[PDB]
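Q: A single structure is presented below for examination.
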Amino acid sequence: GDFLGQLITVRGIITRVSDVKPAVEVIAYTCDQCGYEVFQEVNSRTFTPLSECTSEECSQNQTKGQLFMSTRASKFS
Amino acid sequence: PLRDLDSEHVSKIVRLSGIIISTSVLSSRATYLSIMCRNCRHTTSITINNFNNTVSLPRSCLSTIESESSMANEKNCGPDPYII
Amino acid sequence: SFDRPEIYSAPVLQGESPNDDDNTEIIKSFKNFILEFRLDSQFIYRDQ
Amino acid sequence: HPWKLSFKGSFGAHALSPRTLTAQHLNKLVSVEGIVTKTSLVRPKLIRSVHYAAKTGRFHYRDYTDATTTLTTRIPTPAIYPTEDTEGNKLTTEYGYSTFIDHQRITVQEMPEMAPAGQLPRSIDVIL
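Protein chains in written order, with the authors' numbering: chain R, 232 to 308; chain U, 147 to 198, 203 to 224, 234 to 243; chain E, 2 to 49; chain H, 151 to 278.
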């Protein structure tokens with residue numbers, strides 16, 4: 232446990248291979264009122280959806296928007 | 147004139163003119179400041195604009215409200240921990 | 002151990018904007034004042 | 151660098167069975183023998199975090215301790231894992247130069263040859 236962060240070379244036997252499924256990295260969010268796109272980067276295991284808007288133009292105003300995510304604009308892996 | 151200032155003139159743009167008696171000795175308010183949680187070691191910063203009672207220091211160490219796993223996994236700064 | 006997540010955005014679609022004369026609307030009006038007032042042979046507050 | 155020791159040596163004082171060890175001779179040094187069973191997994195432990203700030207271009211320094219190593223009851227001072235330290239530069243994390251030390255905990259059953267005929271065995275734990 233002192234070789235952390237190094238670049239290594241190991242060998243062995245591939246055992247219990249899982250299946251390939253997409254990993255979500257960043258999520259797009261359509262404003263529908265201010266017309267911006269909010270982006271949230273997740274590096275944790277789980278996460279949460281976020282609040283109604285975080286624009287600069289929906290900000291400093293009485294009526295903020297209410298958002299929802301989108302699929303085709305997100306980046307997967 | 148200063149004689150007639152009704153309650154209908156509350157919080158409205160009213161001008162006047164008179165005679166100034168005497169000033170005071172100058173004190174100081176604060177606008178920008180960096181704080182520290184005396185247990186959690188948690189630092190933020192606070193700006194204010196309309197300083198004219204209005205705001206004070208909060209009463210939670212605020213490191214608990216965090217969108218990161220490993221920091222929220224690692234207690235009580237409580238009570239009001241903030242020292243300027 | 003990771004670092005903090007971040008939030009950023011940018012407005013792209015100029016939609017859902019009635020002239021309701023409000024929070025963001027009033028702010029843009031005074032940019033039309035200071036740079037874009039000019040009295041007779043002189044503009045003053047921009048030169049102030 | 152710790153430069154630890156052994157304390158090798160035979161003594162008839164506290165070479166007792168772990169079966170009869172509990173509630174007596176606490177906070178003392180005891181020599182126990184027995185059976186190694188159900189060995190857990192080897193994990194490393196985080197000690198010293200390293201952080202790079204982008205704009206100032208310097209590193210920093212931060213340690214973390216636990217009550218296991220020190221052997222004396224010291225005032226616990228937990229510290230949250232740092233983010234956004236002084237002005238608002240992002241504390242970009244690094245690795246490699248951050249130091250780490252391995253860790254393990256195991257359980258020890260007593261000797262079956264020393265055990266009585268049939269009763270329920272009882273055990274304790276040892277962290278390495």
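Note that the Cβ used here is the ideal one computed from N, Cα and C, for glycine as well.
Can you say whether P262 (chain H) is buried or exposed, counting buried as having 16 or more other CB atoms within 10 angstroms of its CB?
A: By the neighbour-count rule (16 or more Cβ atoms within 10 Å), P262 (chain H) is not buried but exposed.
Q: For the beta strand (DSSP E) that contains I185 (chain H), what are its first and last residues?
A: Unbroken beta strand (DSSP E) run through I185 (chain H): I185 to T187.
Q: Measure the beta-carbon distance from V276 (chain H) to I251 (chain H) and round it to whole angstroms, keeping in mind my assumption that it falls under 8 Å.
A: Actually they do not touch by this definition, with Cβ atoms about 17 Å apart.
Q: The beta strand (DSSP E) with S305 (chain R) in it runs from where to where?
A: Counting along the chain, the beta strand (DSSP E) containing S305 (chain R) begins and ends at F299 to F307.
Q: Under 8 Å by Cβ, that's how I've got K195 (chain H) and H253 (chain H) pegged, so tell me the actual separation to the nearest angstrom.
A: About 5 Å; that satisfies the 8 Å criterion.
Q: By the 7 Å beta-carbon criterion, what residues does the segment 215-234 of chain H contribute toward chain U?
A: If the cut-off is 7 Å between Cβ atoms, the segment 215-234 of chain H has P228, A229, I230, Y231 and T233 near chain U.
Q: Please name the residues in the segment 232-248 of chain R whose beta-carbon is closer than 8 Å to at least one beta-carbon of chain H, in chain order.
A: Going along the segment 232-248 of chain R in chain order, one finds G232, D233, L235, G236 and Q237 with a Cβ nearer than 8 Å to chain H.
Q: Quick one: list the residues of chain H neighbouring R187 (chain U), beta-carbon separation under 7 Å, in chain order.
A: Neighbours of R187 (chain U) on chain H, chain order: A229 and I230.
Q: If the criterion is Cβ atoms closer than 9 Å, does the pair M182 (chain U) and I215 (chain U) meet it?
A: No. Outside cutoff.
Q: Does the Cβ of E260 (chain H) have 16 or more other Cβ atoms within 10 Å, making it buried, or fewer, making it exposed?
A: Burial call: buried.
Q: Could you pull the start and end residues of the alpha helix (DSSP H) that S220 (chain U) belongs to?
A: Run containing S220 (chain U): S219 to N223, per the alpha helix (DSSP H) assignment.
Q: Quick one: grab the DSSP three-state call for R198 (chain H).
A: Looking at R198 (chain H) - three-state DSSP - the assignment turns out to be strand.
Q: Count the other C-beta atoms from every protein chain shown that fall within 10 angstroms of the C-beta of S286 (chain R), then say buried if there are 16 or more, exposed otherwise.
A: Buried, by the Cβ-count rule.
Q: Just mark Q271 (chain R) as buried or exposed, buried being the case when its beta carbon has 16 or more other beta carbons within 10 Å.
A: Its Cβ being crowded by 16 or more others within 10 Å, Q271 (chain R) is buried.
Q: If you measure from the beta carbon of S180 (chain U) to each beta carbon in chain E, is any gap under 9 Å?
A: False, the Cβ-Cβ gap to chain E never drops below 9 Å.
Q: Tell me the rounded alpha-carbon separation between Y214 (chain H) and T25 (chain E).
A: Each residue's alpha carbon lies about 48 Å from the other.
Q: Mind checking if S220 (chain U) is an interface residue toward chain E, Cβ cutoff 9 Å exclusive?
A: Yes, contact with chain E.
Q: Taking the alpha-carbon positions, what's the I35 (chain E) to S168 (chain U) distance?
A: For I35 (chain E) and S168 (chain U), the distance between alpha carbons rounds to 37 Å.
Q: Using the C-alpha atoms, what's the distance from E288 (chain R) back to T294 (chain R)?
A: Between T294 (chain R) and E288 (chain R), the C-alpha separation is close to 11 Å.
Q: Would you mind giving the Cβ-Cβ distance between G246 (chain H) and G232 (chain R), rounded to the nearest angstrom? I have them listed as a contact below 8 Å.
A: Not a contact, Cβ separation roughly 13 Å.
Q: Does the distance from the CB of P226 (chain H) to the CB of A217 (chain H) come in under 9 Å?
A: Against a cut-off of 9 Å, the Cβ pair of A217 (chain H) and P226 (chain H) comes out as a contact.
Q: Does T261 (chain R) come out as helix, strand or coil in the three-state DSSP assignment?
A: Note: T261 (chain R) maps to strand in three-state DSSP.
Q: Per DSSP, what are the beta-bridge partners of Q174 (chain H) in this structure?
A: Its beta-bridge partners do not exist; DSSP assigns none.
Q: Please list, in chain order, the residues of the segment 21-33 of chain E that have any C-beta partner in chain R closer than 7 Å.
A: From the segment 21-33 of chain E, only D23, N24 and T25 have a Cβ closer than 7 Å to chain R.
Q: Along chain H, in chain order, which residues have C-beta atoms closer than 7 Å to that of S213 (chain U)?
A: Under the 7 Å cutoff, chain H gives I230.
Q: Checking the sheet assignment: what are the DSSP bridge partners for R47 (chain E)?
A: In DSSP, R47 (chain E) forms no bridge with anything.
Q: Is the separation between the beta-carbon of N185 (chain U) and that of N235 (chain U) shorter than 9 Å?
A: Closer than 9 Å, so yes.
Q: Where does the unbroken alpha helix (DSSP H) through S30 (chain E) begin, and where does it stop?
A: Note, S30 (chain E): alpha helix (DSSP H), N24 to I35.
Q: Mind listing the chain U neighbours of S275 (chain R)? Cutoff is C-beta to C-beta under 9 Å, in chain order.
A: Here the neighbours are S217, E218, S219 and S220.
Q: Starting from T242 (chain H), trace the beta strand (DSSP E) in both directions and tell me its first and last residue.
A: Its beta strand (DSSP E) spans residues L241 to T243.
Q: List, in order along the chain, the chain R residues whose C-beta lies closer than 9 Å to that of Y211 (chain H)?
A: In chain order: nothing, as chain R lies at least about 17 Å away.
Q: Counting contacts by CB-CB distance shorter than 9 Å, is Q271 (chain R) in contact with chain E?
A: For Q271 (chain R), the answer is yes, since a Cβ of chain E falls inside 9 Å of its Cβ.
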